[PDB]
């Protein structure tokens, strides 16, 4: 039995984190006070859910998680929330003043003083582990903390937990959803610093989740709550292999074995279907072939891009609910000759498939209708390089005039770290061009 410790950094990770653990609890039948009648072994046991929850003599299940934010205002809502009693107080680490959307301030100035305390709190959790497989880091690209403190944490984790795996859930910035002007800077700065300390990273583009909430859920002005409930559905689909009995993606190293053939190109694309409005009293539930066919509609991807003008290096279909292997082969047969699925020539053109018979759980009073079958597709496509190209261009525009640089240099960063990070990104895009395109 191997454990997984989750780390939530900054406002975006803490709230996304709040949402996932709310969902993990509903899925495993754990009460808001940590009780679990489903569990017959009190105070222990080697069940599949024990990878994300530990137990006490009192029969209480506690997420193997740590929340860190450099100001208390967001974690305080977790300390007085519905699952307040589910978290031990030391799992919640808050600071005095935040990083002011400043990567330099979060990584260098405020980060230096709070890093050791966090690593102790993490150690406290690793000690209770008998086979830690590694960490899941939730954070934004744009926040000064989400970008700056995370990359220092990822650096340290590689030292104190060498052999272990680090997986990343990242929120790519989009102006439709509360973004500061300097967020492009923090994004490149943190991507460069963390690029070698993360084995696999799932980007979520707030622009994409935003439109999905508008199109499919009929929400005029989606809020963080709407966005995070849809995000934690995707996250829950990705981690369920770890929390439930199964054979595919049973530990963090299979994500990299199945999804990441080249190390730097460790950015899979999540598509997800079906997203159905709970306000639709009736809505015929789609077939397996239909939900599978939707995984290839750009509308349903966590990042807006066009996978048709790219190449695949790996696809992984994860179904939850009423799905028979027979129907899955049928869809796949069809979607091959229907859609444009280019695979890179040094990779088999195939699909690793997983089926979990327990169907998606929905937060009561949430936006999502319950569905008898859903699928999540993790594909590694050069198409995602589009998100790097858009981001790098915005970086170029401001950096050419040196706008806002003085704020970073003022926290102790050297102006040259901008050029280094950007030069790395300029290489990252090239790695995608050489892998994908041809003459």
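Residue numbers count along the first chain shown, from 1. Rigid core: the largest C-alpha set superposing within 1.5 Å between the two forms.
Of the two segments 238-246 and 201-209, the one whose CA positions lie farther from the displayed form in 5 other deposited structures of this protein, once all are superposed on the rigid core, is 238-246.
RMS Cα deviation from the shown model in 5 other deposited structures of this protein, rigid core fit, is larger for 105-113 than for the other stretch of the pair 105-113 / 164-172. Higher average CA B factor: 108-116, of the stretches 108-116 and 168-176. Here 342-350 and 232-240 are compared by their mean Cα B-factor, and 342-350 comes out higher. Per the PDB entry, 123 shows the highest C-alpha temperature factor of the residues 123, 308, 192, 264. Based on the entry's C-alpha B-factors, the most elevated value among 401, 394, 406, 60 belongs to 60.
Annotation for residue 296: C-alpha temperature factor in the lowest third relative to the rest of the modelled chain, per the entry. Per-chain ranking of the deposited C-alpha B factor places residue 83 in the highest third. Among the modelled residues of its chain, residue 419 has a C-alpha B-factor that falls in the highest third, as given in the PDB entry.
Sort the modelled residues of the chain by CA B factor and residue 30 lands in the highest third.
When the CA B factors of the chain's modelled residues are split into thirds, the value for residue 316 lands in the middle one.
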